[PDB]
Every structure is written in C-alpha cells, then in structure tokens.
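Reading through the structure tokens given below for one structure.
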Amino acid sequence: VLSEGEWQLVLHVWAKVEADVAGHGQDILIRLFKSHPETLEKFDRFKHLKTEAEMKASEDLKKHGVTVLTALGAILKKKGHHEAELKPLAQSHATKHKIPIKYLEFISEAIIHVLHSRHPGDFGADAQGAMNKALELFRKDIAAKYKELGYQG
Ligand code: HEM
C-alpha cells in the first residue's frame, strides 16, 4: 500500500512525463529493447529493428510507446484502485502476447531509468523509491491475475 505522500511523489513526476509522452515512450522502449533483447522478440511488429538508430526512426515504435505510457498513466492515477484497468491488460499480456512477469520487471527498470534521466529535480531518491513501490504494486496485481489464468510459471 503506497501512502498518500508516496502517491504524490509518483504523480508529480508523472505529470512531467505527460508533457512529452511520445519522447518518453520511445526512450523507455528503446532502453528495454537494448538492455533485454529477449523482449524485442515478443513484438513481431518491431523485431526487424536491428539498431538503436532504426528504433529511434521508427514511427510505429513511437506510437506504441504512447499506447503503453497512456495505459500506465491511467493506472497510476487510480492510486492502487486499478482493478478495472489491469484486468484487460493482464489478460492480453498473459494469454495473447505471452509476456512473462519478469519482463514487466525489466520495463519497470527502464521506466525508472528514463524518468531519472529526464526529470532529475523531481525524481530524487524519495520519488524513486515511491515510483518503485508503485511499479511493484502494478506487477503484484498483474502477477495475481497471471496466476489465476495459469501463467505465473
Ligand atoms: C508498463 C507495462 C505495460 C503496459 C502498461 C502495456 C500496455 C500495452 C497496451 C495498452 C497494449 C495494447 C492493448 C493490449 O493488447 O492489451 C499493449 C500491447 C502489447 N504489449 Fe504491452 N504493456 C506493458 C508491458 C509490455 C512488455 C514488457 C511487453 C513485451 C516485452 C509487451 C508486449 C506487448 C505486445 C507484444 C503488444 C502487442 C503489440 C502489437 O503487436 O500491437 N508489453 N501493451
């Protein structure tokens, strides 16, 4: 359970992401894909991208980054009352896209990285800890729905 203080740190930094959702979305997906190449293989859409330059030139990758961050933003702004928003996301990522929970850990790390790079004055250690807790809560609750469906492993 995050506290109200910790939610405020999280959503203070997130409001700054909302000024440039596409740029953030691109940097995070590129970092995920470079740090953890296995994750790119889950996207038939992107698996032709062999260089960081080709990834940064891809409009379709930048489109997907906005889709991911708008959905994450929607869940963060529920401050933990996010069951309606997580159900479909867990359902599709377990059963259709086949994404292990650990790759959700990876993209959490890439999101923390990108926010520290772009918003260092709003993303000190308090706010880093709080964002980590929010992202853990997202992963806990998706993992519980994986388990229900037979995909926690
Ligand atoms: C913050 C974590 C994430 C969020 C909020 C998220 C959000 C989304 C949304 C909103 C969609 C499209 C709607 C849907 O299919 O449910 C999507 C599609 C997809 N996601 Fe995620 N995603 C996350 C993490 C990941 C990770 C870690 C992977 C892969 C490693 C991944 C792989 C996919 C794939 C393969 C699609 C289908 C893309 C396509 O071919 O159109 N997701 N995601």
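All residue names refer to the structure tokens as shown: chains lettered A, B, ... in order, residues numbered from 1 in each chain, ligands numbered from 1 in order.
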
Can you tell me which residues surround segment 84-90 of chain A at a distance of at most 10 Å, considering only C-alpha atoms, apart from same-chain residues fewer than 6 positions away, and format the answer as a list in words?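 With the cut-off at 10 Å, the set is residues 71, 72, 74, 75, 78, 96, 97, 99, 101, 138, 139, 141, 142, 143, 144, 145, 146 and 149 of chain A.
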
Atoms to include: N, CA, C and O atoms. Write the selected residues as a PDB file, in the first residue's frame.
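Listed below is the output, part06.pdb:
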ATOM      1  N   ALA A  71      -1.581   3.966 -20.967  1.00  0.00           N
ATOM      2  CA  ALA A  71      -2.209   2.981 -20.121  1.00  0.00           C
ATOM      3  C   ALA A  71      -1.585   2.981 -18.807  1.00  0.00           C
ATOM      4  O   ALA A  71      -2.281   2.871 -17.773  1.00  0.00           O
ATOM      5  N   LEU A  72      -0.284   3.057 -18.710  1.00  0.00           N
ATOM      6  CA  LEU A  72       0.326   3.159 -17.345  1.00  0.00           C
ATOM      7  C   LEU A  72      -0.145   4.408 -16.600  1.00  0.00           C
ATOM      8  O   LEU A  72      -0.337   4.365 -15.342  1.00  0.00           O
ATOM      9  N   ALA A  74      -2.920   6.043 -16.819  1.00  0.00           N
ATOM     10  CA  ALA A  74      -4.277   5.692 -16.348  1.00  0.00           C
ATOM     11  C   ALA A  74      -4.283   4.819 -15.075  1.00  0.00           C
ATOM     12  O   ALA A  74      -5.086   5.119 -14.134  1.00  0.00           O
ATOM     13  N   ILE A  75      -3.419   3.855 -14.974  1.00  0.00           N
ATOM     14  CA  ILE A  75      -3.354   3.038 -13.764  1.00  0.00           C
ATOM     15  C   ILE A  75      -2.707   3.834 -12.643  1.00  0.00           C
ATOM     16  O   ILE A  75      -3.218   3.746 -11.524  1.00  0.00           O
ATOM     17  N   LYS A  78      -5.150   6.039 -10.711  1.00  0.00           N
ATOM     18  CA  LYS A  78      -6.049   5.384  -9.754  1.00  0.00           C
ATOM     19  C   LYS A  78      -5.472   5.049  -8.402  1.00  0.00           C
ATOM     20  O   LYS A  78      -6.239   4.605  -7.519  1.00  0.00           O
ATOM     21  N   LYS A  96      -2.396 -13.564 -24.798  1.00  0.00           N
ATOM     22  CA  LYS A  96      -2.207 -13.272 -26.246  1.00  0.00           C
ATOM     23  C   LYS A  96      -0.738 -12.915 -26.514  1.00  0.00           C
ATOM     24  O   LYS A  96      -0.095 -13.487 -27.427  1.00  0.00           O
ATOM     25  N   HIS A  97      -0.224 -11.966 -25.746  1.00  0.00           N
ATOM     26  CA  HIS A  97       1.143 -11.575 -26.057  1.00  0.00           C
ATOM     27  C   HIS A  97       2.248 -12.397 -25.456  1.00  0.00           C
ATOM     28  O   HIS A  97       3.464 -12.443 -25.912  1.00  0.00           O
ATOM     29  N   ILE A  99       3.688 -12.521 -22.278  1.00  0.00           N
ATOM     30  CA  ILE A  99       4.838 -11.746 -21.712  1.00  0.00           C
ATOM     31  C   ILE A  99       5.037 -12.269 -20.308  1.00  0.00           C
ATOM     32  O   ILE A  99       4.117 -12.205 -19.464  1.00  0.00           O
ATOM     33  N   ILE A 101       6.063 -12.271 -16.318  1.00  0.00           N
ATOM     34  CA  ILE A 101       6.197 -11.147 -15.362  1.00  0.00           C
ATOM     35  C   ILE A 101       7.555 -10.553 -15.264  1.00  0.00           C
ATOM     36  O   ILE A 101       7.712  -9.349 -14.971  1.00  0.00           O
ATOM     37  N   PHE A 138       1.912  -2.597  -9.334  1.00  0.00           N
ATOM     38  CA  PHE A 138       1.362  -2.993 -10.690  1.00  0.00           C
ATOM     39  C   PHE A 138       1.742  -4.427 -10.994  1.00  0.00           C
ATOM     40  O   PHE A 138       0.939  -5.216 -11.313  1.00  0.00           O
ATOM     41  N   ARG A 139       3.007  -4.756 -10.713  1.00  0.00           N
ATOM     42  CA  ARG A 139       3.475  -6.108 -11.055  1.00  0.00           C
ATOM     43  C   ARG A 139       2.797  -7.200 -10.141  1.00  0.00           C
ATOM     44  O   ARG A 139       2.491  -8.318 -10.647  1.00  0.00           O
ATOM     45  N   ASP A 141      -0.130  -7.016  -8.737  1.00  0.00           N
ATOM     46  CA  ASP A 141      -1.505  -7.277  -9.126  1.00  0.00           C
ATOM     47  C   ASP A 141      -1.601  -7.942 -10.497  1.00  0.00           C
ATOM     48  O   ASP A 141      -2.502  -8.805 -10.654  1.00  0.00           O
ATOM     49  N   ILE A 142      -0.704  -7.654 -11.442  1.00  0.00           N
ATOM     50  CA  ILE A 142      -0.759  -8.445 -12.679  1.00  0.00           C
ATOM     51  C   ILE A 142      -0.370  -9.866 -12.369  1.00  0.00           C
ATOM     52  O   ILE A 142      -1.002 -10.760 -12.995  1.00  0.00           O
ATOM     53  N   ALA A 143       0.675 -10.048 -11.576  1.00  0.00           N
ATOM     54  CA  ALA A 143       1.065 -11.462 -11.304  1.00  0.00           C
ATOM     55  C   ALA A 143      -0.078 -12.346 -10.683  1.00  0.00           C
ATOM     56  O   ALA A 143      -0.212 -13.542 -11.056  1.00  0.00           O
ATOM     57  N   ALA A 144      -0.910 -11.694  -9.860  1.00  0.00           N
ATOM     58  CA  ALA A 144      -2.008 -12.447  -9.251  1.00  0.00           C
ATOM     59  C   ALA A 144      -2.983 -12.855 -10.340  1.00  0.00           C
ATOM     60  O   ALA A 144      -3.556 -13.995 -10.356  1.00  0.00           O
ATOM     61  N   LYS A 145      -3.214 -11.993 -11.344  1.00  0.00           N
ATOM     62  CA  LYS A 145      -4.114 -12.413 -12.422  1.00  0.00           C
ATOM     63  C   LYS A 145      -3.444 -13.396 -13.357  1.00  0.00           C
ATOM     64  O   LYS A 145      -4.157 -14.312 -13.839  1.00  0.00           O
ATOM     65  N   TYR A 146      -2.138 -13.307 -13.622  1.00  0.00           N
ATOM     66  CA  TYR A 146      -1.471 -14.384 -14.317  1.00  0.00           C
ATOM     67  C   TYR A 146      -1.749 -15.731 -13.634  1.00  0.00           C
ATOM     68  O   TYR A 146      -1.931 -16.774 -14.363  1.00  0.00           O
ATOM     69  N   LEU A 149      -4.859 -17.338 -14.279  1.00  0.00           N
ATOM     70  CA  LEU A 149      -5.009 -17.848 -15.618  1.00  0.00           C
ATOM     71  C   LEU A 149      -4.044 -18.985 -15.900  1.00  0.00           C
ATOM     72  O   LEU A 149      -4.042 -19.390 -17.006  1.00  0.00           O
TER      73      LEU A 149
END

Please provide as a list in words all residues within 10 Å of residue 136 of chain A, with the sequence filter that same-chain residues fewer than 6 positions apart are discarded (counting only C-alpha atoms).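 Near neighbours after the sequence-gap exclusion: residues 104, 105, 108, 130 and 142 of chain A.
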
Restrict the selected residues to C-alpha atoms and save them as a CSV table (one decimal), in the first residue's frame.
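Wrote it out as part_36.csv, contents follow:
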chain,number,residue,atom,x,y,z
A,104,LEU,CA,7.4,-6.4,-16.6
A,105,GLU,CA,10.2,-6.1,-14.0
A,108,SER,CA,10.0,-1.1,-14.8
A,130,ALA,CA,7.9,5.7,-4.4
A,142,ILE,CA,-0.8,-8.4,-12.7

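Across A:115, A:110, A:125, A:2, the tightest approach to residue 20 of chain A is made by A:115 when counting only C-alpha atoms.
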
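The neighbours of residue 33 of chain A here are the residues that come within 12 Å of it, using only C-alpha atoms and leaving out any residue fewer than 6 positions away in the same chain; they are residues 26, 27, 39, 40, 41, 42, 43, 46, 47, 49, 50, 51, 52, 55, 56, 61, 103, 106, 107, 109 and 110 of chain A.
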
Keeping only N, CA, C and O atoms, take the residues you just selected and write them out as a PDB file, in the first residue's frame.
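Writing done, so here's out-v7.pdb:
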ATOM      1  N   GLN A  26       9.235   6.367 -26.396  1.00  0.00           N
ATOM      2  CA  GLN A  26      10.420   5.914 -27.188  1.00  0.00           C
ATOM      3  C   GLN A  26      11.666   5.575 -26.434  1.00  0.00           C
ATOM      4  O   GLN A  26      12.183   4.440 -26.677  1.00  0.00           O
ATOM      5  N   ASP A  27      12.093   6.432 -25.460  1.00  0.00           N
ATOM      6  CA  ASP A  27      13.319   6.177 -24.771  1.00  0.00           C
ATOM      7  C   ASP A  27      13.108   4.923 -23.926  1.00  0.00           C
ATOM      8  O   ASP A  27      14.036   4.188 -23.813  1.00  0.00           O
ATOM      9  N   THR A  39      13.207  -9.088 -25.043  1.00  0.00           N
ATOM     10  CA  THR A  39      11.905  -8.517 -25.061  1.00  0.00           C
ATOM     11  C   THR A  39      11.491  -8.078 -26.447  1.00  0.00           C
ATOM     12  O   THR A  39      10.317  -8.156 -26.767  1.00  0.00           O
ATOM     13  N   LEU A  40      12.471  -7.669 -27.236  1.00  0.00           N
ATOM     14  CA  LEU A  40      12.060  -7.289 -28.596  1.00  0.00           C
ATOM     15  C   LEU A  40      11.482  -8.421 -29.432  1.00  0.00           C
ATOM     16  O   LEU A  40      10.613  -8.217 -30.218  1.00  0.00           O
ATOM     17  N   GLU A  41      11.841  -9.645 -29.131  1.00  0.00           N
ATOM     18  CA  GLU A  41      11.445 -10.778 -29.875  1.00  0.00           C
ATOM     19  C   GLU A  41       9.942 -11.088 -29.697  1.00  0.00           C
ATOM     20  O   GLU A  41       9.283 -11.804 -30.517  1.00  0.00           O
ATOM     21  N   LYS A  42       9.380 -10.507 -28.579  1.00  0.00           N
ATOM     22  CA  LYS A  42       7.917 -10.637 -28.332  1.00  0.00           C
ATOM     23  C   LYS A  42       7.057  -9.764 -29.267  1.00  0.00           C
ATOM     24  O   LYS A  42       5.827  -9.916 -29.291  1.00  0.00           O
ATOM     25  N   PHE A  43       7.727  -8.820 -29.976  1.00  0.00           N
ATOM     26  CA  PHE A  43       6.969  -7.948 -30.885  1.00  0.00           C
ATOM     27  C   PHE A  43       7.260  -8.289 -32.363  1.00  0.00           C
ATOM     28  O   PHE A  43       8.314  -7.869 -32.935  1.00  0.00           O
ATOM     29  N   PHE A  46       8.255  -5.323 -34.393  1.00  0.00           N
ATOM     30  CA  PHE A  46       9.477  -4.494 -34.195  1.00  0.00           C
ATOM     31  C   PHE A  46      10.655  -5.392 -34.367  1.00  0.00           C
ATOM     32  O   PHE A  46      11.790  -4.887 -34.283  1.00  0.00           O
ATOM     33  N   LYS A  47      10.455  -6.672 -34.500  1.00  0.00           N
ATOM     34  CA  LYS A  47      11.596  -7.452 -34.401  1.00  0.00           C
ATOM     35  C   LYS A  47      12.572  -7.285 -35.649  1.00  0.00           C
ATOM     36  O   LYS A  47      13.797  -7.664 -35.567  1.00  0.00           O
ATOM     37  N   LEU A  49      13.941  -4.370 -36.211  1.00  0.00           N
ATOM     38  CA  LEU A  49      14.722  -3.160 -35.860  1.00  0.00           C
ATOM     39  C   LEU A  49      16.063  -3.724 -35.268  1.00  0.00           C
ATOM     40  O   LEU A  49      16.053  -4.541 -34.344  1.00  0.00           O
ATOM     41  N   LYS A  50      17.224  -3.530 -35.954  1.00  0.00           N
ATOM     42  CA  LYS A  50      18.460  -4.195 -35.511  1.00  0.00           C
ATOM     43  C   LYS A  50      19.404  -3.162 -34.864  1.00  0.00           C
ATOM     44  O   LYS A  50      20.492  -3.613 -34.400  1.00  0.00           O
ATOM     45  N   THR A  51      19.089  -1.892 -34.895  1.00  0.00           N
ATOM     46  CA  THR A  51      19.991  -0.874 -34.366  1.00  0.00           C
ATOM     47  C   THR A  51      19.212   0.120 -33.539  1.00  0.00           C
ATOM     48  O   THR A  51      18.024   0.356 -33.817  1.00  0.00           O
ATOM     49  N   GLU A  52      19.903   0.865 -32.642  1.00  0.00           N
ATOM     50  CA  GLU A  52      19.172   1.869 -31.907  1.00  0.00           C
ATOM     51  C   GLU A  52      18.710   2.979 -32.910  1.00  0.00           C
ATOM     52  O   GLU A  52      17.640   3.574 -32.689  1.00  0.00           O
ATOM     53  N   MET A  55      15.570   1.879 -34.394  1.00  0.00           N
ATOM     54  CA  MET A  55      14.463   2.065 -33.401  1.00  0.00           C
ATOM     55  C   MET A  55      14.063   3.539 -33.223  1.00  0.00           C
ATOM     56  O   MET A  55      12.806   3.807 -33.127  1.00  0.00           O
ATOM     57  N   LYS A  56      15.085   4.417 -33.121  1.00  0.00           N
ATOM     58  CA  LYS A  56      14.625   5.808 -32.937  1.00  0.00           C
ATOM     59  C   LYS A  56      13.935   6.390 -34.122  1.00  0.00           C
ATOM     60  O   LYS A  56      13.169   7.357 -33.963  1.00  0.00           O
ATOM     61  N   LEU A  61       7.111   2.413 -33.555  1.00  0.00           N
ATOM     62  CA  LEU A  61       7.610   2.168 -32.174  1.00  0.00           C
ATOM     63  C   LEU A  61       7.224   3.372 -31.318  1.00  0.00           C
ATOM     64  O   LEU A  61       6.824   3.200 -30.157  1.00  0.00           O
ATOM     65  N   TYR A 103       9.497  -9.843 -17.539  1.00  0.00           N
ATOM     66  CA  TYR A 103       9.803  -8.751 -18.491  1.00  0.00           C
ATOM     67  C   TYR A 103       9.037  -7.412 -18.041  1.00  0.00           C
ATOM     68  O   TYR A 103       9.429  -6.294 -18.389  1.00  0.00           O
ATOM     69  N   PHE A 106      11.675  -5.907 -16.079  1.00  0.00           N
ATOM     70  CA  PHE A 106      12.565  -5.163 -16.938  1.00  0.00           C
ATOM     71  C   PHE A 106      11.953  -3.773 -17.368  1.00  0.00           C
ATOM     72  O   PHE A 106      12.739  -2.804 -17.427  1.00  0.00           O
ATOM     73  N   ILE A 107      10.708  -3.764 -17.847  1.00  0.00           N
ATOM     74  CA  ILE A 107      10.305  -2.467 -18.353  1.00  0.00           C
ATOM     75  C   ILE A 107      10.163  -1.481 -17.154  1.00  0.00           C
ATOM     76  O   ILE A 107      10.325  -0.230 -17.291  1.00  0.00           O
ATOM     77  N   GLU A 109      12.261  -1.244 -14.698  1.00  0.00           N
ATOM     78  CA  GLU A 109      13.555  -0.645 -14.601  1.00  0.00           C
ATOM     79  C   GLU A 109      13.824   0.412 -15.671  1.00  0.00           C
ATOM     80  O   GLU A 109      14.502   1.411 -15.423  1.00  0.00           O
ATOM     81  N   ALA A 110      13.431   0.115 -16.897  1.00  0.00           N
ATOM     82  CA  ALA A 110      13.652   1.124 -17.962  1.00  0.00           C
ATOM     83  C   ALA A 110      12.851   2.409 -17.704  1.00  0.00           C
ATOM     84  O   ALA A 110      13.347   3.496 -17.974  1.00  0.00           O
TER      85      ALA A 110
END

Excluding segment 10-16 of chain A and its own-chain neighbours fewer than 4 positions away, which residues fall within 8 Å of it when counting only C-alpha atoms? Please give them as an NGL selection string. :A and (6 or 20 or 73 or 76-77 or 115 or 119 or 122-123 or 127 or 130-131 or 134)

Using C-alpha atoms, can you export the residues from the last selection as a short mmCIF file (atom, residue, chain, number, x, y, z; two decimals), in the first residue's frame?
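Once written, out-v3.cif looks like this:
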data_model
loop_
_atom_site.label_atom_id
_atom_site.label_comp_id
_atom_site.auth_asym_id
_atom_site.auth_seq_id
_atom_site.Cartn_x
_atom_site.Cartn_y
_atom_site.Cartn_z
CA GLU A 6 4.29 8.42 -1.85
CA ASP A 20 6.17 14.61 -23.68
CA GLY A 73 -0.61 6.73 -16.59
CA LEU A 76 -1.11 5.32 -11.70
CA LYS A 77 -3.75 7.97 -11.42
CA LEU A 115 12.46 9.32 -15.51
CA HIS A 119 13.41 14.70 -14.51
CA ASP A 122 11.51 15.77 -9.46
CA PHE A 123 12.95 12.27 -9.26
CA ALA A 127 10.36 9.81 -5.52
CA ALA A 130 7.89 5.68 -4.36
CA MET A 131 7.79 5.02 -8.10
CA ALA A 134 4.00 1.85 -7.46
#

Just give me the gap between atom CA of residue 31 of chain A and atom CA of residue 124 of chain A in Å, one decimal is fine. 20.4 Å

Quick one: residues within 12 Å of residue 63 of chain A, only C-alpha atoms, excluding same-chain residues fewer than 5 positions away - as a ChimeraX atom specification? /A:21-26,29,45-46,55-58,68-70

How many Å separate atom 35 (C, counted along the ligand's line) of ligand 1 from atom CA of residue 54 of chain A?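 Rounded to one decimal, the two atoms are 18.4 Å apart.
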
Which is closer to ligand 1 than all the others in A:129, A:65, A:150, A:80, using only C-alpha atoms and all ligand atoms? A:65

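Here atom CA of residue 120 of chain A and atom CA of residue 38 of chain A stand 28.9 Å from one another.
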
DSSP alpha helix (DSSP H) selection over chain A, as a PyMOL selection string: chain A and resi 4-17+21-35+37-40+52-57+59-76+83-91+101-118+125-149
